[PDB]
Amino acid sequence: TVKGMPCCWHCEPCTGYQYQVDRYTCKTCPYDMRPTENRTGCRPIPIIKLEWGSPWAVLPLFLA
């Protein structure tokens, strides 16, 4: 954060959906992009297709 004196700053953490793009202000990346922990941008959201189907997909398969 830009303080009164341009001398000592204060890096206040942004929200969970805000990426540290610049050093003075955060930005917002599009959907399916989770902000990374480090200053790298936004990583893609891991998407699956229910291959195993253990919790609530093996009983329908067995009945079928």
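Following Swiss-Prot, chain A residues are numbered 532-595, in order.
When the header is checked for method, it gives electron microscopy, 4.0 Å.
Note that Cβ sites are derived from N, Cα and C of the backbone, with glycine treated the same way.
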If you check Swiss-Prot, which of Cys538, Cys539, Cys557 bonds to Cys545 via a disulphide? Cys557
Round to the nearest Å and give the CA-to-CA distance linking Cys545 (disulfide bond) with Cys560 (disulfide bond). 13
Cβ neighbours of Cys560 (disulfide bond) where a neighbour is any other Cβ within 10 Å: 15
If you rank the recorded positions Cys545, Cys557, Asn569, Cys573 by how many other Cβ atoms lie within 10 Å of their Cβ, the lowest count goes to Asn569
Measuring Cα to Cα, how many angstrom lie between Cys560 (disulfide bond) and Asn569 (N-linked glycosylation site)? 15
